[PDB]
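First comes one chain, alone, set out as structure tokens in the form deposited in one PDB entry.
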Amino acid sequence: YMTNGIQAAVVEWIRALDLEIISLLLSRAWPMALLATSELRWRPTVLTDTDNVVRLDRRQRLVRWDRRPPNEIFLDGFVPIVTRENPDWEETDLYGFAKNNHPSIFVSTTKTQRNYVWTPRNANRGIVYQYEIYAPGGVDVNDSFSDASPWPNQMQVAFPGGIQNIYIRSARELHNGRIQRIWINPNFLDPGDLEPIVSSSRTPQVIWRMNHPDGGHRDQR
């Protein structure tokens, strides 16, 4: 199969690497027992989506729950916690990331369940954003580990080196579980043929700009 691999990455050194090298970084620390049963599976360029419709990888609707507001995320994209040029093996391991979610080179997303989405424990408390992502490549965690996948309900797609701002279409701003606004990213590279953004008519849709007065809402640190 063919894949776009790490094309979405924001970290330039990860973005410059051959797919075989990034693959090695991701799998090298897997236990032998896991290596026997598992193979690293990148999302193919053509995939079967959760509604059994066959789509281009960029047309699979991914979401990321994130406490950080659009004034950061639409400006920078999703930069992973670890960006350094010589990361520890712990920081590049897909299995440890999938299992424990410790500081790493990956940005987590989840697949839209088209027939709903996995929701984190405290998504209905404080200020949280559901960012809508249409990105090339990335690693399919469930296909990689099959029944050894530690949290299969997360339907996780991991992006080593993060996700450029051009692949983020929109963001739902929730305050204590209730939607306040739908942010539109003006720098989204539209691949065409996408469904319109999901919306109630009650919810205002706001075109984002840098340092938008309402675009920095977040929890106290």
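Residue numbers run from 1 along the displayed sequence.
Count the deposited residues lacking coordinates between residue 115 and residue 116 and you get 1 to 3 of them. In this entry, the higher average B-factor at the C-alpha atoms falls on 142-150, of the pair 142-150 and 86-94.
Mean CA temperature factor is higher for 95-103 when stretches 95-103 and 129-137 are set side by side in the entry. When the C-alpha B factors of 186, 162, 69, 196 are read from the deposited coordinates, the top value falls at 196.
Across the options 176, 170, 27, 60, the residue with the most elevated CA B-factor in the record is 176. Ranked against the other modelled residues of its chain, the C-alpha B-factor of residue 64 as given in the entry falls in the lowest third.
In the deposited entry, the Cα temperature factor of residue 35 places it in the highest third of its chain's modelled residues. When the modelled residues of the chain are ordered by their C-alpha B factor, residue 155 lands in the highest third. Among all modelled residues in its chain, residue 122 ranks in the highest third by Cα B-factor.
Although not depicted, the form deposited with a small molecule bound is the subject of the following passage.
The partner is absent here; in the deposited complex, the one residue of 92, 110, 144, 71 having a heavy atom within 4.5 Å of the small molecule is 110. This chain is drawn without the small molecule; in the deposited complex, the residue among 43, 64, 58, 169 with a heavy atom within 4.5 Å of it is 64.
Using a 4.5 Å heavy atom cutoff, 81, 101 and 118 all lie near the small molecule in the deposited complex. Annotated contact segment (heavy atom within 4.5 Å of the small molecule in the deposited complex): 152-160, selected among 187-195, 152-160, 24-32, 47-55.
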